[PDB]
Protein chains: 4
Amino acid sequence: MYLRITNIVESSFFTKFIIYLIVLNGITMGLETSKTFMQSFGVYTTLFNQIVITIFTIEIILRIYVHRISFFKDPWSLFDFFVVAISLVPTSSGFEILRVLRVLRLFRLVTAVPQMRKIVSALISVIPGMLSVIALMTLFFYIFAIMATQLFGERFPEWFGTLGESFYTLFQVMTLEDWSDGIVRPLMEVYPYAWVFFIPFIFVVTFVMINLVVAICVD
Amino acid sequence: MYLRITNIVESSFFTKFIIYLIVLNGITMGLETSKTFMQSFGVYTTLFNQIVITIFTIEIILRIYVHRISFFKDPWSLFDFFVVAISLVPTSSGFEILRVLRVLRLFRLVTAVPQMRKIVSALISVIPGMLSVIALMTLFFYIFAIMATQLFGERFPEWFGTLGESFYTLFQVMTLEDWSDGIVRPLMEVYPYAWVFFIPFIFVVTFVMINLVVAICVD
Amino acid sequence: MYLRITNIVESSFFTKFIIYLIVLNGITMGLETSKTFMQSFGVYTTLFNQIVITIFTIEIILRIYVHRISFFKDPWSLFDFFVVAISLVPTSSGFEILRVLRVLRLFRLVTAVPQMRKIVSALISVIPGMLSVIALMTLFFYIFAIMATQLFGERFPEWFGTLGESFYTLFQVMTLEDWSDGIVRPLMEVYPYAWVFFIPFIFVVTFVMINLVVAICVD
Amino acid sequence: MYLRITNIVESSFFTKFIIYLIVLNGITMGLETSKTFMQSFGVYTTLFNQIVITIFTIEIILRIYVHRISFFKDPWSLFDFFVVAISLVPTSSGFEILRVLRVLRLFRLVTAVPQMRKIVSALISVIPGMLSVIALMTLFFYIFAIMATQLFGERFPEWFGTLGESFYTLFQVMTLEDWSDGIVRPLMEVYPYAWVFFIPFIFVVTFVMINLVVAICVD
Ligand SMILES: [Ca+2]
Ligand SMILES: [Ca+2]
């Protein structure tokens, strides 16, 4: 019976049937946004959802027989397994993010279509050649985040009171959003020289990011 | 008579005449901005406008005989067709953007001057090699927009109350404008962990956009 | 006497002397900023300043005898002429920006030092390959500035009331600065669909700009 | 005994022992952020710190015998030297940034690890090819800052009242942060034409900055 199911699974019909449910469930999930819609057709769509969730567990089960160990060493399959498993955890208990994380399944449209898969893989492949820069940065961030907390967190605890807060703030200085009027001009009312900490920080981090982009435009 | 008019249409004089009218009518449309000007020469210009509109329908009619089906397979001609058609709908009824859409005819300067066509065509040609990325993103936006509507739209309906609202907001976070002080620092006064949603969103979206630019700098 | 002066003008000592005054007069102009300094040594400075202006007119006079027509066909010499002429208009009357425009003579350090000249020239040379795009953009801006003036300038005259105002506003949207919370969200309180005008504008303008950067990386 | 120590110094154990202490001391400095932690285990960590500081001076001393003059011509060692010297200045007196500058020793992880050095060196090497541009900009900034101080610093002394103030403000305009709603729309309520100063400044400075990135993408 193995080859029987193995010919169903591997079939064009199967794959295209799954893709058909994804685009359907995805449309159905945008509709579950509308409180209007739900007051009318919410029963339809909760059951339709549980239906699709079964079909997807059935499918993921079949795919496991047909591939065995080959399956749990496939990134894309691992993804599908995990994303479906989230949708299995009862509509209750723990947190409610698990109810919301259900929408992550629409990423199956990426997993189950090679043109998407191509593009995604193309992107992700660029990551390993950045890890040296990324690591450099995280150290830099870590250092300055600590310095900031002990330079400004007493008078300015909203922003620098805690290591985490300094991280968040320093990230935001890095996107350059409201960094001057929102943060450094205020800081400078109390610490005239705070500009000596932030202008350099801005240069370094912006420099590094120019390099990282140009790095990727070599490979 | 076909070849008679075909020699008129194809003539350098004909084209340079049309181009001459565009620049004038374009100049005349920036004058129609001034309430001062309109109170003194408003009629001078409205008739000058109706004049140019006929001349352009006459031309488009002529250009059609000379080209027949070849015409409605030319992007640039199709454009001029649709744009002049807009200017034909009576100055009234329906919506009044149609009165405003009239200034789209100054894009005829692009269509009728070859150096412009080059650059426009240069630009547009870059789009197809972006479609797989652009599609990737749209799915991504779609998924996150839904996640935000159901995570922040009850307490924060201005910004996330509706699927489209979340779309607009997520775009603004992507342009990085007032994303922290405007949206996320606020959100975190109620949802301490909103940063776990928006930092990843900013990374992914910024990365993808760096790749797309680098992609273009390969092709 | 010609060759006598021609050997003085073309001398290393001459050039280095001029470069000396520039770096000196430039330091002088930053000190002229301090309200303190001026009460104390302001007179010292104004005479030293007029002295320098003489020397510079003498030089430019000499430089012309030694080059004649060749001089008024040199970009860099023309600049030096045009800048020194400005510093010649009495510190009185007309517009007083002329008193301010004087500091433009510190650009002579770019003109008199070759390494600078190289870099400037390197930059300027990139301009001609952008002119088709820069023209394209201006037309785009012109057309949209007009659409905006007649679409929002009645309720929003601060931002769109005039062709120029719309220009300025549209530029600011292009730098993406406070474009959503500062302008478009406001607009949308009255014109729910103003988003259909600004998102496309932002896409088009940012696309074009990515291309121009990549266009340069090609050339 | 020279070769005896030279074998200890050059030992993989020695170098890995140092890297081991850096990662601990770094972990320990993030815990020193928490006021809670300090009330409990603060005395633990002050000693642990002074311990490591001794060890690091011992190492730096040992490393000097083994390398002599070669050591004070090595960037990375010089650094290591200077960063520990800061950490030696008593926990008192002068300024107390010296207490804060102690966190710069975590940059020793960049020094002590070759994978990092590589990446850092890759970056720094790009600097020399930028100095002609950087010099140009600084001149440009200097000139404009002076032009701004004497154009807007009387009415707008918060932002342009001083040479330094103008510098900071001009920098902020250059990052394009809050530049229109925050600076130039205000300025223009009093100086209608202030736009004539800042739009060109934005163009020039953003142009140059595009080139600089592109320059690094050809080197
Ligand atoms: Ca902003
Ligand atoms: Ca604000």
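In this analysis, Cβ positions are derived from the backbone assuming ideal geometry, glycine residues included, and neighbour counts consider all displayed protein chains. What is reported rests on the model, the rules as stated and the sources as named; no laboratory instrument gave them.
Please go through the stretch C:98-133 and give me each residue that is hydrophobic (A, V, I, L, M, F, W, C) and in contact (Cβ under 8 Å) with a residue 24 or more places away in the chain, ordered by number.
First, the residues of the stretch C:98-133 that are hydrophobic (A, V, I, L, M, F, W, C): C:98, C:100-101, C:103-104, C:106-107, C:109-110, C:112-113, C:116, C:119-120, C:122-124, C:126-127, C:130-131, C:133.
Residues satisfying the conditions are C:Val103, C:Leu106, C:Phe107, C:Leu109, C:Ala112, C:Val113, C:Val126, C:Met130, C:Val133.
Under 7 Å between Cβ atoms, which residue pairs at least 6 apart in sequence (or on different chains) link something in the stretch C:180-196 that is within 11 Å of chain B (Cβ to nearest Cβ) with a partner that is within 16 Å of ligand 1 (Cβ to nearest atom) and among the hydroxyl-bearing types (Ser, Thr, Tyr)?
C:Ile183/C:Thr169
Keeping to the stretch B:50-103, report how many residues are of a type in the set (D, E, K, R) and surrounded by 15 or more Cβ atoms within 10 Å (Cβ to Cβ).
So in the stretch B:50-103, the residues of a type in the set (D, E, K, R) come out as B:59, B:63, B:68, B:73-74, B:80, B:96, B:99, B:102.
Subset that is surrounded by 15 or more Cβ atoms within 10 Å (Cβ to Cβ): B:59, B:63, B:80, B:99, B:102.
Matching residues across the stretch B:50-103 total 5.
A:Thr162 - would you say it is away from ligand 1 (no atom under 16 Å from the Cβ) and hydroxyl-bearing (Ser, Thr, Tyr)?
Numbers: away from ligand 1 (no atom under 16 Å from the Cβ): yes; hydroxyl-bearing (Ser, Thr, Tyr): yes.
Here the answer is yes, as A:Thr162 does meet what is asked.
Looking at A:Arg185, A:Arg155, which one is within 16 Å of ligand 2 (Cβ to nearest atom) and in the same structural domain as A:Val133 (by CATH)?
Working: A:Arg155 fails: within 16 Å of ligand 2 (Cβ to nearest atom).
Of the residues listed, the single one that is within 16 Å of ligand 2 (Cβ to nearest atom) and in the same structural domain as A:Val133 (by CATH) is A:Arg185.
Output the residues belonging to the stretch A:141-173 that are crowded, with 22+ Cβ neighbours inside 10 Å and either in a loop (DSSP other than H, G, I, E, B) or of a type in the set (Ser, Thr, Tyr) (or both).
A:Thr149, A:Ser166, A:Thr169
So the check is Cβ under 7 Å with 6+ separation or different chains; which pairs have a first residue in the stretch D:7-24 that's within 19 Å of D:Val84 (Cβ to Cβ) and touching a residue at least 60 places away in the same chain (Cβ under 8 Å) and a second one that's small (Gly, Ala, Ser) and surrounded by 12 or more Cβ atoms within 10 Å (Cβ to Cβ)?
Final answer for the pair search is D:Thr15/D:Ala112; D:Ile18/D:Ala112; D:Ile19/D:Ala112; D:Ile22/D:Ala112.
Anything in the stretch C:81-97 that is in contact with a helix residue (DSSP H, G or I) (Cβ under 7 Å, 6 or more places away or on another chain), part of a helix (DSSP H, G or I) and away from chain D (no Cβ under 12 Å)? List them, or say none.
Once the filter is applied, which keeps residues that are in contact with a helix residue (DSSP H, G or I) (Cβ under 7 Å, 6 or more places away or on another chain), part of a helix (DSSP H, G or I) and away from chain D (no Cβ under 12 Å), the stretch C:81-97 yields C:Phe81, C:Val84, C:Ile86.
Given the options B:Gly129, B:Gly153, name the one that is away from ligand 1 (no atom under 16 Å from the Cβ), within 21 Å of the chain's Cα centre (by Cα) and under 30 Å from B:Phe197 (Cα atoms). Let's see the steps before the verdict.
On the way: B:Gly153 fails: within 21 Å of the chain's Cα centre (by Cα).
Going through B:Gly129, B:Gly153 in turn, just one is away from ligand 1 (no atom under 16 Å from the Cβ), within 21 Å of the chain's Cα centre (by Cα) and under 30 Å from B:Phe197 (Cα atoms): B:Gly129.
For the stretch B:197-212, name all the residues that are free of Cβ contacts under 8 Å to residues at least 40 places away in the same chain and more than 8 Å from chain A (Cβ to nearest Cβ). Let's see the steps before the verdict.
The first filter runs over the stretch B:197-212 and keeps only residues free of Cβ contacts under 8 Å to residues at least 40 places away in the same chain, leaving B:198-200, B:202-203, B:206-207, B:209-210.
Once the filter is applied, which keeps residues that are free of Cβ contacts under 8 Å to residues at least 40 places away in the same chain and more than 8 Å from chain A (Cβ to nearest Cβ), the stretch B:197-212 yields B:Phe198, B:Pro200, B:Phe203, B:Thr206, B:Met209.
Which condition does B:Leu176 not pass, out of (1) on the phi < 0 side of the Ramachandran plot; (2) within 16 Å of ligand 1 (Cβ to nearest atom); (3) of a type in the set (A, V, I, L, M, F, W, C), if it passes all the others?
Unmet for B:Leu176, out of (1) on the phi < 0 side of the Ramachandran plot; (2) within 16 Å of ligand 1 (Cβ to nearest atom); (3) of a type in the set (A, V, I, L, M, F, W, C): (1).
Here's the yes/no breakdown for (1) outside the structural domain of A:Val204 (by CATH); (2) away from ligand 2 (no atom under 16 Å from the Cβ); (3) polar (S, T, N, Q):
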site: A:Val120; (1), (2), (3): no, yes, no
site: A:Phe140; (1), (2), (3): no, yes, no
site: A:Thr162; (1), (2), (3): no, yes, yes
site: A:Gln172; (1), (2), (3): no, no, yes
site: A:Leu176; (1), (2), (3): no, no, no
site: A:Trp179; (1), (2), (3): no, no, no
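Condition check ((1) surrounded by 12 or more Cβ atoms within 10 Å (Cβ to Cβ); (2) farther than 30 Å from A:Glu154 by Cβ; (3) within 14 Å of chain A (Cβ to nearest Cβ); (4) touching a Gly at 6+ places or on another chain (Cβ under 8 Å)) across all residues:
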residue: D:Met1; (1), (2), (3), (4): no, yes, no, no
residue: D:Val9; (1), (2), (3), (4): yes, yes, no, no
residue: D:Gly30; (1), (2), (3), (4): yes, no, yes, no
residue: D:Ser34; (1), (2), (3), (4): yes, no, yes, no
residue: D:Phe37; (1), (2), (3), (4): yes, no, yes, no
residue: D:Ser40; (1), (2), (3), (4): no, no, no, no
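How many of the residues making up the stretch A:85-144 are under 27 Å from D:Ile124 (Cα atoms) and of a type in the set (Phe, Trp, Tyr)?
The qualifying residues number 4.
Residue by residue through the stretch A:1-26, note down the ones that are assigned to a helix (DSSP H, G or I) and either farther than 18 Å from A:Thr54 by Cα or more than 30 Å from the chain's Cα centre (by Cα) (or both).
Within the stretch A:1-26, A:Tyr2, A:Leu3, A:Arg4, A:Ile5, A:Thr6, A:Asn7, A:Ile8, A:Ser12, A:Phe13 qualify.
Of (1) at the interface with another protein chain (Cβ under 10 Å from one of its Cβ atoms); (2) more than 16 Å from ligand 1 (Cβ to nearest atom); (3) of a type in the set (A, V, I, L, M); (4) within 18 Å of C:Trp195 (Cα to Cα), B:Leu170 satisfies all except one. Which?
(1)
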